[PDB]
file target.cif (mmCIF, N, CA and C atoms and all ligand atoms)
data_data
loop_
_atom_site.label_atom_id
_atom_site.label_comp_id
_atom_site.auth_asym_id
_atom_site.auth_seq_id
_atom_site.Cartn_x
_atom_site.Cartn_y
_atom_site.Cartn_z
N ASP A 1 -3.65 27.96 -10.70
CA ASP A 1 -3.97 26.59 -10.32
C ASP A 1 -2.88 26.07 -9.38
N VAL A 2 -3.20 24.98 -8.70
CA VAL A 2 -2.26 24.37 -7.77
C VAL A 2 -2.41 25.02 -6.40
N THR A 3 -2.56 26.34 -6.42
CA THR A 3 -2.71 27.10 -5.19
C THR A 3 -3.56 26.31 -4.18
N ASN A 4 -4.65 25.76 -4.69
CA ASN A 4 -5.55 24.98 -3.84
C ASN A 4 -4.95 23.60 -3.60
N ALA A 5 -4.52 22.98 -4.69
CA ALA A 5 -3.92 21.65 -4.61
C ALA A 5 -2.85 21.65 -3.52
N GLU A 6 -1.98 22.65 -3.58
CA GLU A 6 -0.91 22.77 -2.61
C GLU A 6 -1.48 23.01 -1.21
N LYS A 7 -2.59 23.73 -1.18
CA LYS A 7 -3.24 24.04 0.08
C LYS A 7 -3.73 22.74 0.73
N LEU A 8 -4.43 21.95 -0.07
CA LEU A 8 -4.95 20.68 0.41
C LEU A 8 -3.83 19.88 1.06
N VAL A 9 -2.74 19.73 0.32
CA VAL A 9 -1.59 18.99 0.81
C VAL A 9 -1.16 19.56 2.16
N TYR A 10 -0.99 20.88 2.19
CA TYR A 10 -0.59 21.58 3.40
C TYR A 10 -1.74 21.59 4.39
N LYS A 11 -2.90 21.13 3.96
CA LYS A 11 -4.07 21.11 4.83
C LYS A 11 -4.20 19.72 5.45
N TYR A 12 -4.59 18.76 4.61
CA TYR A 12 -4.77 17.39 5.04
C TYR A 12 -3.53 16.92 5.79
N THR A 13 -2.40 17.56 5.53
CA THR A 13 -1.16 17.19 6.19
C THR A 13 -1.16 17.68 7.63
N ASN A 14 -1.63 18.91 7.81
CA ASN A 14 -1.70 19.51 9.13
C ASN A 14 -2.68 18.73 10.00
N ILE A 15 -3.89 18.56 9.46
CA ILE A 15 -4.93 17.83 10.17
C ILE A 15 -4.38 16.48 10.63
N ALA A 16 -3.79 15.76 9.68
CA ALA A 16 -3.23 14.46 9.98
C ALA A 16 -2.22 14.59 11.12
N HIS A 17 -1.25 15.46 10.92
CA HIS A 17 -0.22 15.69 11.93
C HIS A 17 -0.88 16.04 13.26
N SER A 18 -2.02 16.73 13.16
CA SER A 18 -2.75 17.13 14.35
C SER A 18 -3.39 15.91 15.01
N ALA A 19 -3.46 14.83 14.24
CA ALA A 19 -4.04 13.59 14.74
C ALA A 19 -2.92 12.59 15.04
N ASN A 20 -1.91 12.61 14.18
CA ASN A 20 -0.78 11.71 14.34
C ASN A 20 0.52 12.49 14.09
N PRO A 21 1.10 12.98 15.19
CA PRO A 21 2.33 13.74 15.19
C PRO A 21 3.37 13.04 14.32
N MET A 22 3.19 11.74 14.13
CA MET A 22 4.12 10.97 13.32
C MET A 22 4.08 11.42 11.86
N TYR A 23 2.86 11.61 11.36
CA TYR A 23 2.65 12.04 9.99
C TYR A 23 2.97 13.52 9.86
N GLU A 24 3.95 13.85 9.03
CA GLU A 24 4.33 15.23 8.83
C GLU A 24 4.12 15.64 7.36
N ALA A 25 4.55 14.75 6.47
CA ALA A 25 4.42 15.00 5.05
C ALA A 25 3.85 13.76 4.37
N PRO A 26 3.39 13.95 3.13
CA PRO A 26 2.80 12.92 2.30
C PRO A 26 3.89 12.27 1.46
N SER A 27 3.48 11.46 0.49
CA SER A 27 4.44 10.79 -0.37
C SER A 27 3.81 10.54 -1.75
N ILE A 28 4.65 10.06 -2.66
CA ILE A 28 4.19 9.77 -4.01
C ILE A 28 4.44 8.30 -4.33
N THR A 29 4.40 7.48 -3.28
CA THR A 29 4.62 6.06 -3.44
C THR A 29 3.54 5.27 -2.69
N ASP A 30 2.56 6.00 -2.18
CA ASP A 30 1.47 5.38 -1.45
C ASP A 30 0.18 5.54 -2.25
N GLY A 31 0.15 6.57 -3.08
CA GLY A 31 -1.02 6.85 -3.90
C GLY A 31 -1.04 5.94 -5.13
N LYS A 32 -0.97 4.64 -4.87
CA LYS A 32 -0.99 3.67 -5.95
C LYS A 32 -1.81 2.45 -5.52
N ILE A 33 -1.30 1.75 -4.52
CA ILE A 33 -1.97 0.57 -4.01
C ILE A 33 -3.35 0.97 -3.49
N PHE A 34 -3.36 2.00 -2.65
CA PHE A 34 -4.60 2.48 -2.07
C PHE A 34 -5.63 2.80 -3.16
N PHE A 35 -5.11 3.02 -4.37
CA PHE A 35 -5.97 3.33 -5.50
C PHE A 35 -6.02 2.16 -6.49
N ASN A 36 -5.40 1.06 -6.08
CA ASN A 36 -5.37 -0.12 -6.92
C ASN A 36 -5.55 -1.36 -6.04
N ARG A 37 -6.14 -1.15 -4.88
CA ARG A 37 -6.38 -2.23 -3.95
C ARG A 37 -7.86 -2.63 -3.95
N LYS A 38 -8.14 -3.75 -4.60
CA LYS A 38 -9.50 -4.24 -4.69
C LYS A 38 -10.07 -4.41 -3.28
N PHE A 39 -10.79 -3.40 -2.84
CA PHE A 39 -11.40 -3.42 -1.52
C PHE A 39 -12.88 -3.80 -1.60
N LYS A 40 -13.43 -4.16 -0.44
CA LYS A 40 -14.82 -4.54 -0.37
C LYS A 40 -15.62 -3.41 0.29
N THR A 41 -16.87 -3.28 -0.14
CA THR A 41 -17.74 -2.25 0.40
C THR A 41 -18.74 -2.87 1.38
N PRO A 42 -19.20 -2.03 2.31
CA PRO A 42 -20.15 -2.39 3.34
C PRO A 42 -21.49 -2.74 2.69
N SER A 43 -21.59 -2.53 1.39
CA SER A 43 -22.83 -2.82 0.68
C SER A 43 -22.67 -4.12 -0.12
N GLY A 44 -21.92 -5.04 0.45
CA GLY A 44 -21.68 -6.33 -0.19
C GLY A 44 -21.41 -6.14 -1.69
N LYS A 45 -20.17 -5.79 -1.99
CA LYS A 45 -19.76 -5.59 -3.37
C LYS A 45 -18.34 -5.01 -3.40
N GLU A 46 -17.47 -5.71 -4.12
CA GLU A 46 -16.09 -5.28 -4.24
C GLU A 46 -15.97 -4.16 -5.28
N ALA A 47 -14.93 -3.35 -5.10
CA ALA A 47 -14.69 -2.24 -6.02
C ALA A 47 -13.26 -1.74 -5.84
N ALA A 48 -12.89 -0.78 -6.66
CA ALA A 48 -11.56 -0.21 -6.60
C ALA A 48 -11.59 1.21 -7.18
N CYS A 49 -10.66 2.03 -6.70
CA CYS A 49 -10.57 3.41 -7.15
C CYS A 49 -10.19 3.40 -8.63
N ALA A 50 -9.78 2.24 -9.10
CA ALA A 50 -9.39 2.08 -10.49
C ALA A 50 -10.51 1.40 -11.26
N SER A 51 -11.63 1.20 -10.57
CA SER A 51 -12.78 0.56 -11.18
C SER A 51 -13.50 1.54 -12.11
N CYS A 52 -13.40 2.82 -11.76
CA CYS A 52 -14.03 3.86 -12.55
C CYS A 52 -12.94 4.79 -13.08
N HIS A 53 -12.02 5.15 -12.19
CA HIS A 53 -10.90 6.02 -12.52
C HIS A 53 -9.75 5.20 -13.12
N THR A 54 -10.07 3.97 -13.50
CA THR A 54 -9.08 3.09 -14.09
C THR A 54 -7.82 3.03 -13.21
N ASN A 55 -6.93 2.13 -13.57
CA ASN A 55 -5.69 1.96 -12.83
C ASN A 55 -4.99 3.32 -12.72
N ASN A 56 -5.29 4.19 -13.67
CA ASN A 56 -4.69 5.51 -13.69
C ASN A 56 -5.80 6.56 -13.87
N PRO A 57 -5.83 7.51 -12.94
CA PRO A 57 -6.79 8.60 -12.92
C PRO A 57 -6.48 9.57 -14.06
N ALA A 58 -5.21 9.84 -14.27
CA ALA A 58 -4.81 10.76 -15.33
C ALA A 58 -5.37 10.26 -16.67
N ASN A 59 -5.76 9.00 -16.67
CA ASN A 59 -6.32 8.39 -17.87
C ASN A 59 -7.83 8.62 -17.90
N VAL A 60 -8.44 8.18 -18.99
CA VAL A 60 -9.88 8.33 -19.16
C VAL A 60 -10.59 7.24 -18.36
N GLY A 61 -11.43 7.69 -17.43
CA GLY A 61 -12.18 6.77 -16.59
C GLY A 61 -13.46 6.31 -17.29
N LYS A 62 -14.32 5.67 -16.52
CA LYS A 62 -15.58 5.17 -17.05
C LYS A 62 -16.49 4.76 -15.89
N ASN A 63 -17.65 5.41 -15.84
CA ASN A 63 -18.61 5.12 -14.79
C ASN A 63 -19.33 3.81 -15.11
N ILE A 64 -19.37 2.94 -14.12
CA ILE A 64 -20.02 1.65 -14.27
C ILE A 64 -21.51 1.79 -13.97
N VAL A 65 -21.93 3.04 -13.83
CA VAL A 65 -23.33 3.33 -13.54
C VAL A 65 -24.08 3.53 -14.85
N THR A 66 -23.58 4.46 -15.65
CA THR A 66 -24.20 4.76 -16.93
C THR A 66 -23.33 4.23 -18.08
N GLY A 67 -22.03 4.25 -17.85
CA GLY A 67 -21.09 3.78 -18.85
C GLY A 67 -20.89 4.81 -19.96
N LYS A 68 -20.90 6.07 -19.55
CA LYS A 68 -20.72 7.16 -20.50
C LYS A 68 -19.23 7.35 -20.78
N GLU A 69 -18.63 8.27 -20.04
CA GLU A 69 -17.21 8.55 -20.20
C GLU A 69 -16.76 9.60 -19.19
N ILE A 70 -15.77 9.23 -18.40
CA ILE A 70 -15.24 10.13 -17.38
C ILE A 70 -13.81 10.53 -17.76
N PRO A 71 -13.69 11.71 -18.38
CA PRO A 71 -12.44 12.28 -18.82
C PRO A 71 -11.42 12.22 -17.69
N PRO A 72 -10.15 12.47 -18.01
CA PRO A 72 -9.06 12.46 -17.06
C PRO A 72 -9.52 13.04 -15.73
N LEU A 73 -9.22 12.34 -14.65
CA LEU A 73 -9.62 12.80 -13.33
C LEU A 73 -8.53 13.73 -12.77
N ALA A 74 -7.30 13.44 -13.17
CA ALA A 74 -6.17 14.24 -12.72
C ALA A 74 -6.58 15.71 -12.65
N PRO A 75 -6.91 16.14 -11.43
CA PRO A 75 -7.33 17.50 -11.13
C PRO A 75 -6.19 18.46 -11.44
N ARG A 76 -4.98 17.93 -11.54
CA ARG A 76 -3.83 18.77 -11.83
C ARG A 76 -3.55 18.79 -13.33
N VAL A 77 -3.69 17.62 -13.94
CA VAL A 77 -3.46 17.49 -15.37
C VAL A 77 -4.42 18.41 -16.12
N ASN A 78 -5.65 18.46 -15.63
CA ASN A 78 -6.67 19.29 -16.25
C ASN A 78 -6.71 20.65 -15.54
N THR A 79 -6.76 21.70 -16.35
CA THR A 79 -6.80 23.05 -15.82
C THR A 79 -8.23 23.42 -15.42
N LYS A 80 -9.16 22.54 -15.75
CA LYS A 80 -10.56 22.76 -15.43
C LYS A 80 -10.98 21.81 -14.31
N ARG A 81 -10.11 21.71 -13.31
CA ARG A 81 -10.38 20.84 -12.17
C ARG A 81 -9.81 21.46 -10.89
N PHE A 82 -10.14 20.83 -9.78
CA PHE A 82 -9.67 21.31 -8.48
C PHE A 82 -9.63 22.83 -8.44
N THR A 83 -10.81 23.43 -8.55
CA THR A 83 -10.92 24.88 -8.52
C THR A 83 -11.38 25.35 -7.15
N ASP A 84 -12.60 24.96 -6.80
CA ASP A 84 -13.17 25.34 -5.51
C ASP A 84 -12.60 24.43 -4.42
N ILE A 85 -12.49 25.00 -3.23
CA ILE A 85 -11.96 24.26 -2.09
C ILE A 85 -13.10 23.94 -1.13
N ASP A 86 -13.92 24.95 -0.86
CA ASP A 86 -15.04 24.78 0.04
C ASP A 86 -15.78 23.49 -0.30
N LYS A 87 -16.41 23.49 -1.47
CA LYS A 87 -17.15 22.33 -1.93
C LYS A 87 -16.25 21.09 -1.86
N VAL A 88 -15.19 21.13 -2.66
CA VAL A 88 -14.25 20.02 -2.69
C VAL A 88 -14.02 19.50 -1.27
N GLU A 89 -14.13 20.42 -0.32
CA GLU A 89 -13.94 20.07 1.08
C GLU A 89 -15.20 19.41 1.64
N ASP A 90 -15.64 18.36 0.95
CA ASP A 90 -16.83 17.64 1.36
C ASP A 90 -17.11 16.52 0.36
N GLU A 91 -17.13 16.90 -0.91
CA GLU A 91 -17.39 15.94 -1.97
C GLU A 91 -16.42 14.77 -1.88
N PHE A 92 -15.32 15.01 -1.19
CA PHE A 92 -14.30 13.98 -1.01
C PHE A 92 -14.68 13.03 0.13
N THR A 93 -15.38 13.58 1.11
CA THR A 93 -15.80 12.80 2.26
C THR A 93 -17.11 12.06 1.95
N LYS A 94 -17.96 12.73 1.19
CA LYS A 94 -19.24 12.16 0.82
C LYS A 94 -19.01 10.98 -0.13
N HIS A 95 -17.95 11.10 -0.93
CA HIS A 95 -17.57 10.08 -1.90
C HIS A 95 -17.17 8.79 -1.17
N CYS A 96 -16.16 8.91 -0.30
CA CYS A 96 -15.66 7.79 0.47
C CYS A 96 -16.81 7.17 1.26
N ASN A 97 -17.85 7.95 1.51
CA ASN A 97 -18.99 7.45 2.26
C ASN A 97 -19.93 6.69 1.31
N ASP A 98 -19.68 6.87 0.02
CA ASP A 98 -20.49 6.21 -0.99
C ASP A 98 -19.61 5.25 -1.79
N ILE A 99 -18.37 5.10 -1.34
CA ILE A 99 -17.43 4.22 -2.00
C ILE A 99 -16.94 3.17 -1.00
N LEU A 100 -16.48 3.65 0.15
CA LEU A 100 -15.99 2.77 1.19
C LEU A 100 -17.09 2.53 2.22
N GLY A 101 -17.96 3.52 2.35
CA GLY A 101 -19.06 3.43 3.29
C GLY A 101 -18.81 4.31 4.52
N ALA A 102 -17.80 5.16 4.40
CA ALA A 102 -17.44 6.06 5.48
C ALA A 102 -16.46 7.12 4.96
N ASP A 103 -15.95 7.91 5.89
CA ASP A 103 -15.00 8.95 5.55
C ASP A 103 -13.58 8.38 5.56
N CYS A 104 -12.89 8.56 4.44
CA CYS A 104 -11.53 8.08 4.29
C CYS A 104 -10.63 8.77 5.30
N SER A 105 -9.47 8.18 5.58
CA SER A 105 -8.54 8.76 6.53
C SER A 105 -7.96 10.06 5.96
N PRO A 106 -7.64 10.98 6.87
CA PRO A 106 -7.08 12.28 6.56
C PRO A 106 -5.69 12.10 5.97
N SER A 107 -5.05 10.98 6.27
CA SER A 107 -3.72 10.71 5.76
C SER A 107 -3.81 9.99 4.41
N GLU A 108 -5.03 9.60 4.07
CA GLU A 108 -5.26 8.90 2.82
C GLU A 108 -5.68 9.88 1.73
N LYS A 109 -6.03 11.09 2.17
CA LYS A 109 -6.45 12.13 1.24
C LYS A 109 -5.21 12.87 0.73
N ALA A 110 -4.48 13.46 1.67
CA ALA A 110 -3.28 14.20 1.32
C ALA A 110 -2.37 13.33 0.45
N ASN A 111 -2.54 12.02 0.60
CA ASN A 111 -1.75 11.07 -0.16
C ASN A 111 -2.20 11.10 -1.63
N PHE A 112 -3.50 10.89 -1.82
CA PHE A 112 -4.07 10.88 -3.15
C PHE A 112 -3.84 12.23 -3.85
N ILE A 113 -4.10 13.29 -3.11
CA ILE A 113 -3.92 14.63 -3.64
C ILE A 113 -2.49 14.79 -4.16
N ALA A 114 -1.57 14.16 -3.45
CA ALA A 114 -0.17 14.22 -3.82
C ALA A 114 0.03 13.54 -5.17
N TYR A 115 -0.18 12.22 -5.17
CA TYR A 115 -0.04 11.42 -6.37
C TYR A 115 -0.83 12.06 -7.51
N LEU A 116 -1.96 12.67 -7.19
CA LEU A 116 -2.78 13.30 -8.20
C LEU A 116 -2.08 14.56 -8.71
N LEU A 117 -1.41 15.24 -7.79
CA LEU A 117 -0.69 16.45 -8.13
C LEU A 117 0.79 16.12 -8.37
N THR A 118 1.02 14.89 -8.80
CA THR A 118 2.37 14.43 -9.06
C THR A 118 2.47 13.84 -10.47
N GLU A 119 1.80 12.71 -10.65
CA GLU A 119 1.80 12.04 -11.94
C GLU A 119 0.92 12.80 -12.94
N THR A 120 1.53 13.16 -14.06
CA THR A 120 0.82 13.89 -15.10
C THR A 120 1.20 13.36 -16.48
N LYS A 121 1.30 12.04 -16.57
CA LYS A 121 1.65 11.40 -17.82
C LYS A 121 0.69 10.23 -18.08
N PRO A 122 -0.28 10.49 -18.96
CA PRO A 122 -1.30 9.54 -19.35
C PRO A 122 -0.72 8.57 -20.37
N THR A 123 -1.43 7.49 -20.64
CA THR A 123 -0.97 6.50 -21.59
C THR A 123 -1.14 7.02 -23.02
N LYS A 124 -2.39 7.14 -23.43
CA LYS A 124 -2.71 7.63 -24.76
C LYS A 124 -3.59 8.87 -24.66
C1 LIG B 1 -17.15 4.55 -9.91
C2 LIG B 1 -18.19 3.66 -9.24
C3 LIG B 1 -16.21 5.22 -8.95
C4 LIG B 1 -15.31 4.64 -8.13
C5 LIG B 1 -15.02 3.17 -7.97
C6 LIG B 1 -14.64 5.70 -7.42
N1 LIG B 1 -15.14 6.93 -7.80
FE1 LIG B 1 -14.22 8.72 -7.56
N2 LIG B 1 -15.59 9.59 -8.76
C7 LIG B 1 -16.65 8.97 -9.40
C8 LIG B 1 -17.49 9.95 -10.05
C9 LIG B 1 -18.72 9.64 -10.84
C10 LIG B 1 -16.94 11.16 -9.81
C11 LIG B 1 -17.43 12.51 -10.26
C12 LIG B 1 -16.67 13.07 -11.47
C13 LIG B 1 -16.72 12.11 -12.64
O1 LIG B 1 -16.70 12.61 -13.79
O2 LIG B 1 -16.79 10.89 -12.38
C14 LIG B 1 -15.76 10.94 -9.01
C15 LIG B 1 -14.91 11.96 -8.54
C16 LIG B 1 -13.80 11.75 -7.73
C17 LIG B 1 -12.93 12.81 -7.26
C18 LIG B 1 -13.10 14.26 -7.57
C19 LIG B 1 -14.03 15.00 -6.62
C20 LIG B 1 -14.10 16.48 -6.96
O3 LIG B 1 -13.03 17.05 -7.26
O4 LIG B 1 -15.23 17.02 -6.91
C21 LIG B 1 -11.97 12.22 -6.50
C22 LIG B 1 -10.83 12.88 -5.78
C23 LIG B 1 -12.24 10.81 -6.50
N3 LIG B 1 -13.36 10.53 -7.26
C24 LIG B 1 -11.46 9.85 -5.82
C25 LIG B 1 -11.81 8.51 -5.69
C26 LIG B 1 -11.19 7.60 -4.74
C27 LIG B 1 -10.10 7.98 -3.78
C28 LIG B 1 -11.78 6.40 -4.91
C29 LIG B 1 -11.50 5.12 -4.17
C30 LIG B 1 -11.53 5.27 -2.65
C31 LIG B 1 -12.77 6.55 -5.95
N4 LIG B 1 -12.77 7.85 -6.42
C32 LIG B 1 -13.60 5.51 -6.41
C33 LIG B 1 -16.89 7.60 -9.43
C34 LIG B 1 -16.11 6.64 -8.75
#
call {"tool": "encode", "arguments": {"input": "target.cif", "output": "structure tokens"}}
result
Amino acid sequence: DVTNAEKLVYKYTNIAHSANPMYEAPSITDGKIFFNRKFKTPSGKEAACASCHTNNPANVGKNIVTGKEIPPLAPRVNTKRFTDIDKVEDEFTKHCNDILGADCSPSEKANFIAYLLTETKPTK
């Protein structure tokens, strides 16, 4: 595990750098607000990455669609996550297109992947 996680980082980082020579590496201090910033959707409705994945992804989320239960999202915390890359290399763009209404920035992904592959301490 991680092999992919690390790849993504080294991936989304390259792409970004390929777009903005300024961006070279990610951080673990940006993957918070962006995931805790009550943003508005193009479908007239506010939401947040912490609306389902809670303020903390490593924690137990909850879908506001069915209201079942979304176990820890932390793809790193869980050994049964972030396995495939091909697929994952889309489900992330399709998501932002169904969350924000478009494809998230390449520098916003490597960021999340970082914080996701960084924080591994849940509350309870
Ligand atoms: C509820 C309406 C959600 C909000 C708000 C956001 N996401 Fe989400 N996410 C949601 C679901 C139903 C799923 C599928 C898995 C599950 O059990 O819920 C996901 C999955 C992700 C993933 C993993 C993708 C994969 O590895 O296949 C990521 C990385 C992810 N979500 C990130 C993410 C971000 C960045 C969000 C704000 C821009 C966000 N989610 C909001 C449901 C919901």
call {"tool": "closest_residue", "arguments": {"input": "target.cif", "among": "A:73, A:108, A:123, A:99", "to": "residue 43 (chain A)", "atoms": "only N, CA and C atoms"}}
result
A:99
call {"tool": "closest_residue", "arguments": {"input": "target.cif", "among": "A:79, A:38, A:109, A:94", "to": "residue 55 (chain A)", "atoms": "only C-alpha atoms"}}
result
A:38
call {"tool": "atom_distance", "arguments": {"input": "target.cif", "atom1": "CA of residue 2 (chain A)", "atom2": "atom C30 of ligand LIG 1 (chain B)"}}
result
21.8 Å
call {"tool": "axis_aligned_box", "arguments": {"input": "target.cif", "around": "ligand LIG 1 (chain B)", "padding_each_side": "5 Å", "output": "lines of an AutoDock Vina configuration file"}}
result
center_x = -14.4
center_y = 10.1
center_z = -8.2
size_x = 18.6
size_y = 23.9
size_z = 21.1
call {"tool": "residues_near_ligand", "arguments": {"input": "target.cif", "ligand": "ligand LIG 1 (chain B)", "cutoff": "8 Å", "atoms": "all atoms listed in the file", "output": "PyMOL selection string"}}
result
chain A and resi 34-36+46-54+61-65+69-73+75+81-84+87-93+95-96+98-100+104+108-109+112-113
call {"tool": "select_by_dssp", "arguments": {"input": "target.cif", "residues": "region 3-124 of chain A", "states": "helix (DSSP H, G or I)", "output": "ChimeraX atom specification"}}
result
/A:3-19,33-35,49-52,88-99,106-116
call {"tool": "residues_around", "arguments": {"input": "target.cif", "residues": "residue 31 (chain A)", "least_positions_apart": "6", "cutoff": "7 Å", "atoms": "all atoms listed in the file", "output": "short mmCIF file (atom, residue, chain, number, x, y, z; two decimals) with N, CA and C atoms, in the coordinates of the input"}}
result
data_model
loop_
_atom_site.label_atom_id
_atom_site.label_comp_id
_atom_site.auth_asym_id
_atom_site.auth_seq_id
_atom_site.Cartn_x
_atom_site.Cartn_y
_atom_site.Cartn_z
N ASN A 111 -2.54 12.02 0.60
CA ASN A 111 -1.75 11.07 -0.16
C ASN A 111 -2.20 11.10 -1.63
N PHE A 112 -3.50 10.89 -1.82
CA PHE A 112 -4.07 10.88 -3.15
C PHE A 112 -3.84 12.23 -3.85
N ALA A 114 -1.57 14.16 -3.45
CA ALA A 114 -0.17 14.22 -3.82
C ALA A 114 0.03 13.54 -5.17
N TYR A 115 -0.18 12.22 -5.17
CA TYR A 115 -0.04 11.42 -6.37
C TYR A 115 -0.83 12.06 -7.51
N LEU A 116 -1.96 12.67 -7.19
CA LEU A 116 -2.78 13.30 -8.20
C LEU A 116 -2.08 14.56 -8.71
#
call {"tool": "select_by_dssp", "arguments": {"input": "target.cif", "residues": "chain A", "states": "strand (DSSP E)", "output": "ChimeraX atom specification"}}
result
/A:39-41,45-47
call {"tool": "atom_distance", "arguments": {"input": "target.cif", "atom1": "atom N of residue 121 (chain A)", "atom2": "CA of residue 15 (chain A)"}}
result
28.1 Å
call {"tool": "residues_around", "arguments": {"input": "target.cif", "residues": "residue 122 (chain A)", "least_positions_apart": "2", "cutoff": "6 Å", "atoms": "only N, CA and C atoms", "output": "number ranges by chain"}}
result
A: 58-59, 120, 124
call {"tool": "atom_distance", "arguments": {"input": "target.cif", "atom1": "CA of residue 97 (chain A)", "atom2": "CA of residue 41 (chain A)"}}
result
10.0 Å
call {"tool": "closest_residue", "arguments": {"input": "target.cif", "among": "A:57, A:101, A:21, A:26", "to": "residue 39 (chain A)", "atoms": "only C-alpha atoms"}}
result
A:101
call {"tool": "closest_residue", "arguments": {"input": "target.cif", "among": "A:85, A:74, A:102, A:19", "to": "residue 119 (chain A)", "atoms": "all atoms listed in the file"}}
result
A:74
call {"tool": "closest_residue", "arguments": {"input": "target.cif", "among": "A:117, A:56, A:20, A:45", "to": "residue 33 (chain A)", "atoms": "only C-alpha atoms"}}
result
A:56
call {"tool": "closest_residue", "arguments": {"input": "target.cif", "among": "A:28, A:110, A:77, A:60", "to": "residue 10 (chain A)", "atoms": "only N, CA and C atoms"}}
result
A:110
call {"tool": "build_atoms", "arguments": {"input": "target.cif", "residues": "region 83-96 of chain A", "atoms": "N, CA, C and O atoms", "output": "short mmCIF file (atom, residue, chain, number, x, y, z; two decimals), in the coordinates of the input"}}
result
data_model
loop_
_atom_site.label_atom_id
_atom_site.label_comp_id
_atom_site.auth_asym_id
_atom_site.auth_seq_id
_atom_site.Cartn_x
_atom_site.Cartn_y
_atom_site.Cartn_z
N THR A 83 -10.81 23.43 -8.55
CA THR A 83 -10.92 24.88 -8.52
C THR A 83 -11.38 25.35 -7.15
O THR A 83 -10.65 26.05 -6.45
N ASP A 84 -12.60 24.96 -6.80
CA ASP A 84 -13.17 25.34 -5.51
C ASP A 84 -12.60 24.43 -4.42
O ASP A 84 -12.28 23.27 -4.67
N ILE A 85 -12.49 25.00 -3.23
CA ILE A 85 -11.96 24.26 -2.09
C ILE A 85 -13.10 23.94 -1.13
O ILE A 85 -13.22 22.80 -0.66
N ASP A 86 -13.92 24.95 -0.86
CA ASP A 86 -15.04 24.78 0.04
C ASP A 86 -15.78 23.49 -0.30
O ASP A 86 -15.77 22.54 0.48
N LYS A 87 -16.41 23.49 -1.47
CA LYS A 87 -17.15 22.33 -1.93
C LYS A 87 -16.25 21.09 -1.86
O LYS A 87 -16.52 20.16 -1.10
N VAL A 88 -15.19 21.13 -2.66
CA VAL A 88 -14.25 20.02 -2.69
C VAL A 88 -14.02 19.50 -1.27
O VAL A 88 -13.74 18.32 -1.08
N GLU A 89 -14.13 20.42 -0.32
CA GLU A 89 -13.94 20.07 1.08
C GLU A 89 -15.20 19.41 1.64
O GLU A 89 -15.73 19.84 2.66
N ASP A 90 -15.64 18.36 0.95
CA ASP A 90 -16.83 17.64 1.36
C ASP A 90 -17.11 16.52 0.36
O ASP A 90 -17.31 15.37 0.74
N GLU A 91 -17.13 16.90 -0.91
CA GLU A 91 -17.39 15.94 -1.97
C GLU A 91 -16.42 14.77 -1.88
O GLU A 91 -16.69 13.69 -2.41
N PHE A 92 -15.32 15.01 -1.19
CA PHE A 92 -14.30 13.98 -1.01
C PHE A 92 -14.68 13.03 0.13
O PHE A 92 -14.33 11.85 0.10
N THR A 93 -15.38 13.58 1.11
CA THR A 93 -15.80 12.80 2.26
C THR A 93 -17.11 12.06 1.95
O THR A 93 -17.31 10.93 2.39
N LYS A 94 -17.96 12.73 1.19
CA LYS A 94 -19.24 12.16 0.82
C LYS A 94 -19.01 10.98 -0.13
O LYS A 94 -19.77 10.01 -0.13
N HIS A 95 -17.95 11.10 -0.93
CA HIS A 95 -17.57 10.08 -1.90
C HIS A 95 -17.17 8.79 -1.17
O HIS A 95 -17.75 7.72 -1.37
N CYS A 96 -16.16 8.91 -0.30
CA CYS A 96 -15.66 7.79 0.47
C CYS A 96 -16.81 7.17 1.26
O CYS A 96 -16.71 6.00 1.62
#
